[PDB]
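**Q** Sharing protein-v2.pdb, PDB, C-alpha atoms:
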MODEL        1
ATOM      1  CA  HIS A   1      76.482  80.822 175.787  1.00  0.00           C
ATOM      2  CA  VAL A   2      80.217  80.024 175.710  1.00  0.00           C
ATOM      3  CA  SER A   3      83.524  81.671 175.882  1.00  0.00           C
ATOM      4  CA  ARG A   4      84.764  82.814 172.462  1.00  0.00           C
ATOM      5  CA  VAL A   5      87.916  80.918 173.294  1.00  0.00           C
ATOM      6  CA  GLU A   6      85.881  77.684 172.910  1.00  0.00           C
ATOM      7  CA  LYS A   7      84.652  78.941 169.513  1.00  0.00           C
ATOM      8  CA  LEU A   8      88.160  79.147 168.057  1.00  0.00           C
ATOM      9  CA  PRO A   9      89.355  76.450 165.680  1.00  0.00           C
ATOM     10  CA  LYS A  10      91.001  73.598 167.584  1.00  0.00           C
ATOM     11  CA  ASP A  11      94.583  74.545 166.449  1.00  0.00           C
ATOM     12  CA  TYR A  12      94.098  78.102 167.678  1.00  0.00           C
ATOM     13  CA  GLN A  13      92.824  76.722 171.036  1.00  0.00           C
ATOM     14  CA  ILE A  14      95.934  74.576 171.467  1.00  0.00           C
ATOM     15  CA  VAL A  15      98.271  77.571 170.857  1.00  0.00           C
ATOM     16  CA  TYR A  16      96.071  79.788 173.146  1.00  0.00           C
ATOM     17  CA  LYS A  17      96.511  77.312 175.981  1.00  0.00           C
ATOM     18  CA  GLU A  18     100.300  77.375 175.466  1.00  0.00           C
ATOM     19  CA  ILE A  19     100.019  81.211 175.559  1.00  0.00           C
ATOM     20  CA  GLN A  20      98.117  81.407 178.822  1.00  0.00           C
ATOM     21  CA  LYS A  21     100.868  79.383 180.544  1.00  0.00           C
ATOM     22  CA  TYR A  22     103.699  81.398 179.073  1.00  0.00           C
ATOM     23  CA  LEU A  23     102.152  84.792 179.855  1.00  0.00           C
ATOM     24  CA  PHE A  24     101.369  83.783 183.376  1.00  0.00           C
ATOM     25  CA  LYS A  25     105.109  83.053 183.790  1.00  0.00           C
ATOM     26  CA  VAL A  26     106.493  86.118 181.840  1.00  0.00           C
ATOM     27  CA  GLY A  27     103.615  88.589 181.414  1.00  0.00           C
ATOM     28  CA  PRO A  28     102.017  91.256 183.589  1.00  0.00           C
ATOM     29  CA  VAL A  29     101.487  89.882 187.094  1.00  0.00           C
ATOM     30  CA  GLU A  30      98.433  92.010 187.657  1.00  0.00           C
ATOM     31  CA  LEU A  31      95.092  90.257 187.124  1.00  0.00           C
ATOM     32  CA  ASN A  32      93.500  92.982 185.017  1.00  0.00           C
ATOM     33  CA  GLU A  33      96.387  93.827 182.824  1.00  0.00           C
ATOM     34  CA  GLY A  34      96.910  90.058 182.408  1.00  0.00           C
ATOM     35  CA  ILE A  35      93.355  89.533 181.151  1.00  0.00           C
ATOM     36  CA  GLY A  36      93.640  92.561 178.924  1.00  0.00           C
ATOM     37  CA  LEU A  37      96.659  91.012 177.258  1.00  0.00           C
ATOM     38  CA  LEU A  38      94.925  87.621 176.867  1.00  0.00           C
ATOM     39  CA  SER A  39      91.845  89.406 175.470  1.00  0.00           C
ATOM     40  CA  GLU A  40      94.008  91.092 172.904  1.00  0.00           C
ATOM     41  CA  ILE A  41      95.702  87.852 171.864  1.00  0.00           C
ATOM     42  CA  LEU A  42      92.306  86.270 171.588  1.00  0.00           C
ATOM     43  CA  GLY A  43      91.253  88.947 169.083  1.00  0.00           C
ATOM     44  CA  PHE A  44      94.390  88.374 166.975  1.00  0.00           C
ATOM     45  CA  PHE A  45      93.229  84.766 166.933  1.00  0.00           C
ATOM     46  CA  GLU A  46      89.626  85.411 166.151  1.00  0.00           C
ATOM     47  CA  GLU A  47      90.567  87.667 163.186  1.00  0.00           C
ATOM     48  CA  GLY A  48      93.162  85.089 162.140  1.00  0.00           C
ATOM     49  CA  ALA A  49      90.444  82.437 161.974  1.00  0.00           C
ATOM     50  CA  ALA A  50      88.045  84.764 160.098  1.00  0.00           C
ATOM     51  CA  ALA A  51      90.796  85.651 157.641  1.00  0.00           C
ATOM     52  CA  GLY A  52      91.368  81.917 156.875  1.00  0.00           C
ATOM     53  CA  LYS A  53      94.873  81.907 158.411  1.00  0.00           C
ATOM     54  CA  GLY A  54      96.364  79.004 160.314  1.00  0.00           C
ATOM     55  CA  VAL A  55      97.352  79.943 163.859  1.00  0.00           C
ATOM     56  CA  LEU A  56     101.071  79.833 163.143  1.00  0.00           C
ATOM     57  CA  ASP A  57     100.481  82.327 160.335  1.00  0.00           C
ATOM     58  CA  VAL A  58      99.244  84.704 163.066  1.00  0.00           C
ATOM     59  CA  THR A  59     101.904  84.036 165.718  1.00  0.00           C
ATOM     60  CA  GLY A  60     104.732  82.672 163.611  1.00  0.00           C
ATOM     61  CA  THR A  61     106.428  79.378 164.681  1.00  0.00           C
ATOM     62  CA  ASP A  62     108.147  81.205 167.530  1.00  0.00           C
ATOM     63  CA  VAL A  63     105.077  81.719 169.611  1.00  0.00           C
ATOM     64  CA  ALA A  64     107.038  82.923 172.632  1.00  0.00           C
ATOM     65  CA  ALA A  65     108.523  85.704 170.416  1.00  0.00           C
ATOM     66  CA  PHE A  66     104.920  86.692 169.547  1.00  0.00           C
ATOM     67  CA  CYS A  67     104.001  86.972 173.169  1.00  0.00           C
ATOM     68  CA  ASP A  68     107.265  88.812 173.973  1.00  0.00           C
ATOM     69  CA  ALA A  69     106.457  91.578 171.449  1.00  0.00           C
ATOM     70  CA  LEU A  70     103.219  92.373 173.328  1.00  0.00           C
ATOM     71  CA  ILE A  71     104.839  92.544 176.802  1.00  0.00           C
ATOM     72  CA  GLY A  72     107.573  95.155 176.035  1.00  0.00           C
ATOM     73  CA  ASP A  73     105.557  97.767 178.031  1.00  0.00           C
ATOM     74  CA  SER A  74     102.038  98.504 179.364  1.00  0.00           C
ATOM     75  CA  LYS A  75     101.365 101.710 177.331  1.00  0.00           C
ATOM     76  CA  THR A  76      98.558  99.941 175.549  1.00  0.00           C
ATOM     77  CA  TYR A  77      96.716  98.965 178.726  1.00  0.00           C
ATOM     78  CA  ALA A  78      97.316 102.397 180.190  1.00  0.00           C
ATOM     79  CA  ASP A  79      95.764 104.081 177.143  1.00  0.00           C
ATOM     80  CA  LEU A  80      92.627 101.925 177.256  1.00  0.00           C
ATOM     81  CA  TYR A  81      92.356 102.483 180.982  1.00  0.00           C
ATOM     82  CA  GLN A  82      92.710 106.261 180.852  1.00  0.00           C
ATOM     83  CA  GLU A  83      90.271 106.535 177.950  1.00  0.00           C
ATOM     84  CA  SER A  84      87.552 104.585 179.798  1.00  0.00           C
ATOM     85  CA  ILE A  85      87.775 106.962 182.782  1.00  0.00           C
ATOM     86  CA  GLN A  86      87.720 110.102 180.562  1.00  0.00           C
ATOM     87  CA  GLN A  87      84.491 108.611 179.214  1.00  0.00           C
ATOM     88  CA  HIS A  88      82.869 107.338 182.447  1.00  0.00           C
ATOM     89  CA  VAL A  89      82.638 111.108 183.024  1.00  0.00           C
ATOM     90  CA  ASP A  90      80.238 110.949 180.025  1.00  0.00           C
TER      91      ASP A  90
ATOM     92  CA  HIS B   1     107.085 103.473 173.794  1.00  0.00           C
ATOM     93  CA  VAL B   2     103.500 103.954 172.567  1.00  0.00           C
ATOM     94  CA  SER B   3     100.152 102.395 172.754  1.00  0.00           C
ATOM     95  CA  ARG B   4      99.614  99.763 170.047  1.00  0.00           C
ATOM     96  CA  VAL B   5      96.460 101.664 169.234  1.00  0.00           C
ATOM     97  CA  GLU B   6      98.695 104.474 167.872  1.00  0.00           C
ATOM     98  CA  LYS B   7     100.555 101.880 165.764  1.00  0.00           C
ATOM     99  CA  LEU B   8      97.434 100.854 163.848  1.00  0.00           C
ATOM    100  CA  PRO B   9      96.917 102.115 160.313  1.00  0.00           C
ATOM    101  CA  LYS B  10      95.052 105.430 160.317  1.00  0.00           C
ATOM    102  CA  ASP B  11      91.752 103.888 158.997  1.00  0.00           C
ATOM    103  CA  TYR B  12      91.778 101.304 161.776  1.00  0.00           C
ATOM    104  CA  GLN B  13      92.373 104.120 164.329  1.00  0.00           C
ATOM    105  CA  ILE B  14      89.359 106.064 163.065  1.00  0.00           C
ATOM    106  CA  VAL B  15      87.055 103.000 163.393  1.00  0.00           C
ATOM    107  CA  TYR B  16      88.595 102.179 166.850  1.00  0.00           C
ATOM    108  CA  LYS B  17      87.688 105.644 168.087  1.00  0.00           C
ATOM    109  CA  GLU B  18      84.099 105.157 166.860  1.00  0.00           C
ATOM    110  CA  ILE B  19      84.154 101.801 168.738  1.00  0.00           C
ATOM    111  CA  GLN B  20      85.301 103.204 172.058  1.00  0.00           C
ATOM    112  CA  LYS B  21      82.355 105.642 172.042  1.00  0.00           C
ATOM    113  CA  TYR B  22      79.803 103.035 171.077  1.00  0.00           C
ATOM    114  CA  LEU B  23      80.969 100.450 173.623  1.00  0.00           C
ATOM    115  CA  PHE B  24      81.032 102.984 176.380  1.00  0.00           C
ATOM    116  CA  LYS B  25      77.333 103.626 175.608  1.00  0.00           C
ATOM    117  CA  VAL B  26      76.240  99.944 175.012  1.00  0.00           C
ATOM    118  CA  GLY B  27      79.010  97.701 176.379  1.00  0.00           C
ATOM    119  CA  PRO B  28      79.966  96.396 179.812  1.00  0.00           C
ATOM    120  CA  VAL B  29      79.804  99.234 182.336  1.00  0.00           C
ATOM    121  CA  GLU B  30      82.552  97.755 184.441  1.00  0.00           C
ATOM    122  CA  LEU B  31      86.016  99.247 183.900  1.00  0.00           C
ATOM    123  CA  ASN B  32      87.878  95.949 183.651  1.00  0.00           C
ATOM    124  CA  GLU B  33      85.488  94.054 181.519  1.00  0.00           C
ATOM    125  CA  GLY B  34      85.262  97.192 179.339  1.00  0.00           C
ATOM    126  CA  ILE B  35      89.026  97.275 178.774  1.00  0.00           C
ATOM    127  CA  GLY B  36      89.067  93.556 178.158  1.00  0.00           C
ATOM    128  CA  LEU B  37      86.559  94.023 175.368  1.00  0.00           C
ATOM    129  CA  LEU B  38      88.510  96.953 173.865  1.00  0.00           C
ATOM    130  CA  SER B  39      91.720  94.892 174.123  1.00  0.00           C
ATOM    131  CA  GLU B  40      90.072  92.117 172.203  1.00  0.00           C
ATOM    132  CA  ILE B  41      88.810  94.441 169.473  1.00  0.00           C
ATOM    133  CA  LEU B  42      92.264  95.900 169.244  1.00  0.00           C
ATOM    134  CA  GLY B  43      93.688  92.437 168.514  1.00  0.00           C
ATOM    135  CA  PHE B  44      91.108  91.829 165.760  1.00  0.00           C
ATOM    136  CA  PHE B  45      92.438  95.081 164.337  1.00  0.00           C
ATOM    137  CA  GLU B  46      96.086  94.340 164.723  1.00  0.00           C
ATOM    138  CA  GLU B  47      95.686  90.940 162.978  1.00  0.00           C
ATOM    139  CA  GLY B  48      93.512  92.625 160.349  1.00  0.00           C
ATOM    140  CA  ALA B  49      96.336  95.051 159.586  1.00  0.00           C
ATOM    141  CA  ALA B  50      98.956  92.255 159.530  1.00  0.00           C
ATOM    142  CA  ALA B  51      96.753  90.210 157.216  1.00  0.00           C
ATOM    143  CA  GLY B  52      96.553  93.155 154.739  1.00  0.00           C
ATOM    144  CA  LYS B  53      92.806  93.679 155.314  1.00  0.00           C
ATOM    145  CA  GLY B  54      91.095  97.047 155.327  1.00  0.00           C
ATOM    146  CA  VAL B  55      89.325  97.766 158.609  1.00  0.00           C
ATOM    147  CA  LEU B  56      85.855  97.346 157.144  1.00  0.00           C
ATOM    148  CA  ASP B  57      86.902  93.885 155.971  1.00  0.00           C
ATOM    149  CA  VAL B  58      87.401  93.072 159.676  1.00  0.00           C
ATOM    150  CA  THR B  59      84.273  94.730 161.099  1.00  0.00           C
ATOM    151  CA  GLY B  60      82.037  94.841 158.053  1.00  0.00           C
ATOM    152  CA  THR B  61      80.324  98.170 157.123  1.00  0.00           C
ATOM    153  CA  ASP B  62      77.943  97.745 160.049  1.00  0.00           C
ATOM    154  CA  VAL B  63      80.466  98.390 162.740  1.00  0.00           C
ATOM    155  CA  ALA B  64      77.844  98.586 165.479  1.00  0.00           C
ATOM    156  CA  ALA B  65      76.726  95.030 164.504  1.00  0.00           C
ATOM    157  CA  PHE B  66      80.374  93.944 164.971  1.00  0.00           C
ATOM    158  CA  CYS B  67      80.482  95.384 168.429  1.00  0.00           C
ATOM    159  CA  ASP B  68      77.030  93.941 169.260  1.00  0.00           C
ATOM    160  CA  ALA B  69      78.215  90.378 168.502  1.00  0.00           C
ATOM    161  CA  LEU B  70      80.930  90.690 171.181  1.00  0.00           C
ATOM    162  CA  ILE B  71      78.598  92.028 173.918  1.00  0.00           C
ATOM    163  CA  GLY B  72      75.959  89.215 173.853  1.00  0.00           C
ATOM    164  CA  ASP B  73      77.363  87.900 177.195  1.00  0.00           C
ATOM    165  CA  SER B  74      80.472  88.031 179.435  1.00  0.00           C
ATOM    166  CA  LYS B  75      81.397  84.291 179.272  1.00  0.00           C
ATOM    167  CA  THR B  76      84.608  85.204 177.529  1.00  0.00           C
ATOM    168  CA  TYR B  77      85.777  87.607 180.230  1.00  0.00           C
ATOM    169  CA  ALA B  78      84.699  85.186 182.924  1.00  0.00           C
ATOM    170  CA  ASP B  79      86.778  82.387 181.382  1.00  0.00           C
ATOM    171  CA  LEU B  80      89.926  84.519 181.175  1.00  0.00           C
ATOM    172  CA  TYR B  81      89.364  85.726 184.709  1.00  0.00           C
ATOM    173  CA  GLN B  82      88.850  82.286 186.234  1.00  0.00           C
ATOM    174  CA  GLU B  83      91.836  80.854 184.367  1.00  0.00           C
ATOM    175  CA  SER B  84      94.194  83.568 185.665  1.00  0.00           C
ATOM    176  CA  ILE B  85      93.214  82.793 189.277  1.00  0.00           C
ATOM    177  CA  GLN B  86      93.580  78.995 188.790  1.00  0.00           C
ATOM    178  CA  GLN B  87      97.096  79.879 187.638  1.00  0.00           C
ATOM    179  CA  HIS B  88      98.053  82.562 190.207  1.00  0.00           C
ATOM    180  CA  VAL B  89      97.958  79.480 192.464  1.00  0.00           C
ATOM    181  CA  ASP B  90     100.950  78.387 190.310  1.00  0.00           C
TER     182      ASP B  90
ENDMDL
END
Translate this file's structure into structure tokens.

**A**
Amino acid sequence: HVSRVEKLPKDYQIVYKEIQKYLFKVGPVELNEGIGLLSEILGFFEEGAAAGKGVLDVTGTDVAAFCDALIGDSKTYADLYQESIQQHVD
Amino acid sequence: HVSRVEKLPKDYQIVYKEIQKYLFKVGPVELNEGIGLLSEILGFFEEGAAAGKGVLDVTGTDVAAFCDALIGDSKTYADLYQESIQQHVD
């Protein structure tokens, strides 16, 4: 078995590696929120591939601007976190 | 500010809610890996929307089968986790 990152087309992998570096430097500092963000970007990329898009058609040429639009807050993480607890009750 | 989940088209939100329930019952039990998986599915959905796809064009009609293909292992989480540490050095 292998990481789904390794299953991306090569172009997508190159841009993902740029992304990991960037987000480390400007994204959430916390390990878990950091991986949540990365996981999310990975899914953009996976659906991009499946849709027959080139990576820059997903991010645009300004990849940092793409990342920046997902870091504006942590409401998204917070939602997913709170929902999982509400369930773990179940 | 609001969760990006709330910014999805309504059809995508409906299928995401089905997904949260399903994954809770069959997905990783661990809180963090669970949110990582959810984050990833969310990105599939976000790129689906941006690409002009209907949700079932992203998941297929067998939504449980879609979820099942992302739960076959945790190599993907493990990768993202190990990479973040290697960096937090930096």

**Q** Run the PyMOL selection byres ((chain B and resi 73) around 10) on the file and write out the hits as a PDB file with C-alpha atoms, keeping the file's coordinate frame.

**A**
ATOM      1  CA  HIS A   1      76.482  80.822 175.787  1.00  0.00           C
ATOM      2  CA  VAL A   2      80.217  80.024 175.710  1.00  0.00           C
ATOM      3  CA  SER A   3      83.524  81.671 175.882  1.00  0.00           C
TER       4      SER A   3
ATOM      5  CA  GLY B  27      79.010  97.701 176.379  1.00  0.00           C
ATOM      6  CA  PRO B  28      79.966  96.396 179.812  1.00  0.00           C
ATOM      7  CA  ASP B  68      77.030  93.941 169.260  1.00  0.00           C
ATOM      8  CA  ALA B  69      78.215  90.378 168.502  1.00  0.00           C
ATOM      9  CA  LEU B  70      80.930  90.690 171.181  1.00  0.00           C
ATOM     10  CA  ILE B  71      78.598  92.028 173.918  1.00  0.00           C
ATOM     11  CA  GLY B  72      75.959  89.215 173.853  1.00  0.00           C
ATOM     12  CA  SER B  74      80.472  88.031 179.435  1.00  0.00           C
ATOM     13  CA  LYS B  75      81.397  84.291 179.272  1.00  0.00           C
ATOM     14  CA  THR B  76      84.608  85.204 177.529  1.00  0.00           C
ATOM     15  CA  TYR B  77      85.777  87.607 180.230  1.00  0.00           C
ATOM     16  CA  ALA B  78      84.699  85.186 182.924  1.00  0.00           C
TER      17      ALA B  78
END

**Q** Could you tell me which residues of chain B sit within 10 Å of chain A when counting only C-alpha atoms, and give me the result as an mmCIF file with C-alpha atoms, in the coordinates of the input?

**A**
data_model
loop_
_atom_site.group_PDB
_atom_site.id
_atom_site.type_symbol
_atom_site.label_atom_id
_atom_site.label_comp_id
_atom_site.auth_asym_id
_atom_site.auth_seq_id
_atom_site.Cartn_x
_atom_site.Cartn_y
_atom_site.Cartn_z
ATOM 1 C CA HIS B 1 107.085 103.473 173.794
ATOM 2 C CA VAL B 2 103.500 103.954 172.567
ATOM 3 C CA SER B 3 100.152 102.395 172.754
ATOM 4 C CA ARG B 4 99.614 99.763 170.047
ATOM 5 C CA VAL B 5 96.460 101.664 169.234
ATOM 6 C CA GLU B 6 98.695 104.474 167.872
ATOM 7 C CA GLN B 20 85.301 103.204 172.058
ATOM 8 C CA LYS B 21 82.355 105.642 172.042
ATOM 9 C CA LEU B 23 80.969 100.450 173.623
ATOM 10 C CA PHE B 24 81.032 102.984 176.380
ATOM 11 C CA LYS B 25 77.333 103.626 175.608
ATOM 12 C CA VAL B 29 79.804 99.234 182.336
ATOM 13 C CA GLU B 30 82.552 97.755 184.441
ATOM 14 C CA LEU B 31 86.016 99.247 183.900
ATOM 15 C CA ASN B 32 87.878 95.949 183.651
ATOM 16 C CA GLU B 33 85.488 94.054 181.519
ATOM 17 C CA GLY B 34 85.262 97.192 179.339
ATOM 18 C CA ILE B 35 89.026 97.275 178.774
ATOM 19 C CA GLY B 36 89.067 93.556 178.158
ATOM 20 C CA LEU B 37 86.559 94.023 175.368
ATOM 21 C CA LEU B 38 88.510 96.953 173.865
ATOM 22 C CA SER B 39 91.720 94.892 174.123
ATOM 23 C CA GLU B 40 90.072 92.117 172.203
ATOM 24 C CA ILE B 41 88.810 94.441 169.473
ATOM 25 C CA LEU B 42 92.264 95.900 169.244
ATOM 26 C CA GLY B 43 93.688 92.437 168.514
ATOM 27 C CA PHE B 44 91.108 91.829 165.760
ATOM 28 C CA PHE B 45 92.438 95.081 164.337
ATOM 29 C CA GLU B 46 96.086 94.340 164.723
ATOM 30 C CA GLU B 47 95.686 90.940 162.978
ATOM 31 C CA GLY B 48 93.512 92.625 160.349
ATOM 32 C CA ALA B 50 98.956 92.255 159.530
ATOM 33 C CA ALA B 51 96.753 90.210 157.216
ATOM 34 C CA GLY B 52 96.553 93.155 154.739
ATOM 35 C CA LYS B 53 92.806 93.679 155.314
ATOM 36 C CA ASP B 57 86.902 93.885 155.971
ATOM 37 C CA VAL B 58 87.401 93.072 159.676
ATOM 38 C CA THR B 59 84.273 94.730 161.099
ATOM 39 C CA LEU B 70 80.930 90.690 171.181
ATOM 40 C CA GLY B 72 75.959 89.215 173.853
ATOM 41 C CA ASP B 73 77.363 87.900 177.195
ATOM 42 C CA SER B 74 80.472 88.031 179.435
ATOM 43 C CA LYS B 75 81.397 84.291 179.272
ATOM 44 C CA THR B 76 84.608 85.204 177.529
ATOM 45 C CA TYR B 77 85.777 87.607 180.230
ATOM 46 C CA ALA B 78 84.699 85.186 182.924
ATOM 47 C CA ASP B 79 86.778 82.387 181.382
ATOM 48 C CA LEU B 80 89.926 84.519 181.175
ATOM 49 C CA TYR B 81 89.364 85.726 184.709
ATOM 50 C CA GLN B 82 88.850 82.286 186.234
ATOM 51 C CA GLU B 83 91.836 80.854 184.367
ATOM 52 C CA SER B 84 94.194 83.568 185.665
ATOM 53 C CA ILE B 85 93.214 82.793 189.277
ATOM 54 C CA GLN B 87 97.096 79.879 187.638
ATOM 55 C CA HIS B 88 98.053 82.562 190.207
ATOM 56 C CA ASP B 90 100.950 78.387 190.310
#

**Q** Quick one, how far is atom CA of residue A:16 from atom CA of residue B:9?

**A**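 Atom-to-atom, atom CA of residue A:16 to atom CA of residue B:9, that is 25.8 Å.
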
**Q** To one decimal in Å, tell me the separation between atom CA of residue A:60 and atom CA of residue B:56.

**A**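 Atom CA of residue A:60 sits 24.8 Å away from atom CA of residue B:56.
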